[PDB]
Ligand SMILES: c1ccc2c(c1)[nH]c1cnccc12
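Take a look at this single chain in structure tokens; it is the form deposited without this ligand.
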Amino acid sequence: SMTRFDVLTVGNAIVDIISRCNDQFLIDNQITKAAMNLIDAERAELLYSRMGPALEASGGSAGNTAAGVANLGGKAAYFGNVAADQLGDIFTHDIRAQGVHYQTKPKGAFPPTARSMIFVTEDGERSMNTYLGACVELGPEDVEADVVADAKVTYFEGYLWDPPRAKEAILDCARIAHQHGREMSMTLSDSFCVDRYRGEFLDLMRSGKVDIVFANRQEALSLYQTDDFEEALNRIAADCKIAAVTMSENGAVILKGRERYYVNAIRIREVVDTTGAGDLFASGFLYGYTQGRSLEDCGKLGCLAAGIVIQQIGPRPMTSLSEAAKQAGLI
């Protein structure tokens, strides 16, 4: 039975730069609200010059998910490329300190470590502005084949389709994972990311390279270019073995063939910062999944972790998810 890892995740290694803003700031700066907005180095400088005093926290969607799995008690690993700089050192420290295996080697100091300027509005929504930096170097050379072979699930970001060579690494992961009887999972990441790579994402699912897909409502609607959510659910269920579809305050639904399992969102005192919600939903789900739990219980664990992360600043819970899961009887 013994496997070295429950979950390997693969993504853009990013440090977040976080500030609260008013609604007008997003309009003035033509930032798309609630989305991941890619930016070049010049725009990164410009936006930073306009940003208020900030807090820094290690981020990266898949990075956050790996950290969450480790926090819950699972065995996690991560592939993602930073630079040999202070931001890279922060990223390396934080993920390793959480007890995630992280061994991707920087290639030099330039391009520098990716950062995302995340603007949080009063409603708690987050709008991200990401300079990919050293993420553009992630490639097949960064696949630790022994780790993929020894991970129950390898999970990756749709966001990896933006940098040039990351997709080649992911295809290598899929080959190795499936040769060793493991499963592959992806998140659709962002509705505009889906707009960019819709055909390629559908191909990953239909060809069986991806077994388990994570989406939110917006991403699922985007995937099929529909405004009919019921259509989106029917189609996603036909395109992948298992789909986990989140619906913000309305909880989540897990699909497997004709099976549907609806889960409620937890009670929130107040939505502080939604950054990381989907990532931590994936942590909870994948932790449950690799512990042999029912699909419903995987959904419950996802909703618990996501509800915790949106009540704090920072994309990675600072409290014990295992303790919260125990208190909730999810164990």
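In this text, residue numbers run from 1 along the sequence as written.
Which is higher on average in the deposited entry, the C-alpha temperature factors of 146-154 or of 86-94? In the deposited entry, the stretch with the higher C-alpha B-factor mean is 146-154.
Which has higher Cα B-factors on average according to the PDB entry: 286-294 or 55-63? Per the deposited B-factors, the answer is 286-294.
Could you say which of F229, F119, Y197, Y159 has its CA atom at the highest B factor, as listed in the PDB entry? By C-alpha B-factor in the record, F229 ranks first.
Using only the C-alpha B-factors in the record, can you name which of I266, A35, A277, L26 has the highest? That would be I266.
Chain-wide C-alpha B factor ranking for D190, given as lowest, middle or highest third: Tercile = lowest for this residue's CA B-factor.
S19: which third of its chain by C-alpha temperature factor? CA B-factor rank for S19: middle third.
Would you check the entry's CA temperature factor for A76 and let me know if it's in the chain's lowest, middle or highest third? Its C-alpha B-factor, which the entry lists for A76, ranks in the lowest third among residues of this chain.
Which third, lowest, middle or highest, does the C-alpha temperature factor of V253 belong to within its own chain? CA B-factor rank for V253: highest third.
Lowest, middle or highest third: where is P163 by C-alpha B factor in its chain? It belongs to the middle third of the chain when residues are ordered by C-alpha B-factor.
From this point on, the text means the form deposited with this ligand bound, which you will not see here.
Even though the partner isn't displayed, in the bound PDB entry is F192 close enough to this ligand, meaning a heavy atom within 4.5 Å? Result yes; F192 sits at the interface with this ligand in the bound PDB entry.
Verify the contact flag for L221: yes if a non-hydrogen atom of it lies within 4.5 Å of a non-hydrogen atom of this ligand in the bound PDB entry, no if not. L221: yes, in contact with this ligand in the bound PDB entry.
Mark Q179 yes when one of its heavy atoms lies within 4.5 Å of a heavy atom of this ligand in the bound PDB entry, and no otherwise. No, no contact at 4.5 Å.
Close approach of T226 to this ligand in the bound PDB entry, 4.5 Å, heavy atom: Taking the distances in the bound PDB entry, the answer for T226 is yes, it comes within 4.5 Å of this ligand.
Sole residue of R198, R96, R175, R260 within 4.5 Å of this ligand in the bound PDB entry, by heavy atom: Checked against the cut-off, the match is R198.
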